[PDB]
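Handing you a structure now.
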Amino acid sequence: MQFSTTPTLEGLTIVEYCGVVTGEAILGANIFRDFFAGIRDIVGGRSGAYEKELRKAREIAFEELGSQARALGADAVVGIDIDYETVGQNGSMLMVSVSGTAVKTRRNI
Amino acid sequence: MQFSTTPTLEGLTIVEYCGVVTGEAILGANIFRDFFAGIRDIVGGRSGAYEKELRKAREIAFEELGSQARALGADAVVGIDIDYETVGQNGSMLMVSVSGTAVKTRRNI
Amino acid sequence: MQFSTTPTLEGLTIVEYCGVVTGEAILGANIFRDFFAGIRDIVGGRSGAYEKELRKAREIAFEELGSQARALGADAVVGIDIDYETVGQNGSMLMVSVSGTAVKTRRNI
Amino acid sequence: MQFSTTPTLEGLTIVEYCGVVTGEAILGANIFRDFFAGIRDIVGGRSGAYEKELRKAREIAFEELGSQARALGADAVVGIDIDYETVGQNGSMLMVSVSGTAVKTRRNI
Amino acid sequence: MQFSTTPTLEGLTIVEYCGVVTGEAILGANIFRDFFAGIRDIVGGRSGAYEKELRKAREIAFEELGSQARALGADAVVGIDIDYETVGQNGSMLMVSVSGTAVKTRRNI
């Protein structure tokens, strides 16, 4: 079971299209205040307290994506897009949403 | 009726492009207040109350996009994109927007 | 004039790439107050008054997009993206932007 | 210099991929208050004066994008994305971001 | 290594897909106040002081994307997307996110 942002997989052929699947996670305001609010200058994943939160949010979004694909009998999700959207009163909640297309594949050889 | 984030469907060829179609749904601030605002820590679709609502907004949006396609004489919507946009003063309304290209397909066999 | 969110059109060949074209429309705060504010629960574009306004805005944006393409001598716009952006001091203005690539095509037959 | 939102150019072959390039421009609050804040109803870019400002913004973004590509030795930018983000305390600044992949091409004839 | 917003690389064949990779950087409120908040009129990356900041954030994100791909055995990241999201209480923080699909490639010659 592979995940790709590309619409096809070289070396394989998609033998069935099983629909659009989705995963998501929301980081609560508390996580934003604790790890994001204090950021000074430009801070990348490697150094920052926030990256472990984003990563957890991604990891959860992807598992939901994969499990939805699993339930359809798909073995890949292609054409994947990941979006981040700020939600809530204080612009302090974060939604990570993944979407792609569940597919059955066959090796070309 | 097939929906894909990919621009083509292997196994088929598109014989008509019938134009860009859309669907959307808006979750009002009452929904946001009730299911989204109290979120603590990181909450994925599995555990959280909000997920029922997102899902219902998505299905409704796809239904609208599906009806637009079907009305046009199309049998697939390809090159699909789903966007989420918060709107309104309090950032407490959520818009789910879907778009794609309605197409007529013919099987390669 | 054909519009597609796919980068190519099966059955035709792109003979000329004529550049990136765009179209937009902005729905003012008065539209938002009148049609979007205080939407309650989850409302789809099918039953919602707001959709008449969104449909109008997308219509106008595509006209502009179609009109830019025409002036370059194109007969299609491919690889189209549509996004919605909330703008302004009160998050009560919506901008719809379309973009894509103006192209000249030749039917394979 | 050719600009496209599609990944390939029909009629050409990409012989070298030279990396991701970007360009951008920010529209200040003053321009926003002058051209965007007063909009009533639905105004399209064809008649709306704000559109002169957006097109100036995009043009600057594409200038940067193409000059970046020029320096890498490229002759096209493919797989282009255009994005708008509202930024600042009053949702009254607008950033136009463009990205794509700089490439050398070879005409098939 | 090779970064592309295209899903394939003409002249090469993708021999393995190694999963979706991400990188990101956050620009803190202080950078925003010092470089973005004062902008007047329309200011492009070529001339704006904000540009070295965005450039720096992009570089950190791509580095993270880069090493993530390396750790998986990959020699290229294709299907790349860059998104900018304004986050926080005062719309004065900016997240730059990059995602793509890590791959192994083989020269066709």
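We call the chains A, B, C, D and E, going by the order they appear; numbering starts again at 1 in every chain.
The rule we apply is simple: a residue touches a chain if its C-beta (ideal position, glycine included) is under 8 Å from a C-beta of that chain, and two chains touch if they have at least 3 such contacts.
If each chain is reduced to the centroid of its CA atoms, chain D and chain E end up 16 Å from each other.
For this pair, chain A with chain D, the centres built from the Cα atoms lie 26 Å apart. Looking at chain E, residues 7-8, 80-81, 83, 85-86, 90-91 sit in touch with two or more other chains.
If you sketch which chains touch which, the chains form one closed loop in which each chain touches exactly two neighbours. Around the ring, the chains sit in the order D, E, A, B, C, counting from chain D and moving first to chain E. Residues 2-11, 32, 36-46, 48, 50-51, 54, 58, 62, 80-86, 90-92, 94 of chain C are the ones touching chain B in the complex. Residues of chain B touching chain C in their complex: 7-8, 13-15, 17, 19-20, 22-31, 53, 56-57, 60-61, 63-64, 67, 78-81, 83, 85-91, 93, 95, 97, 99-101.
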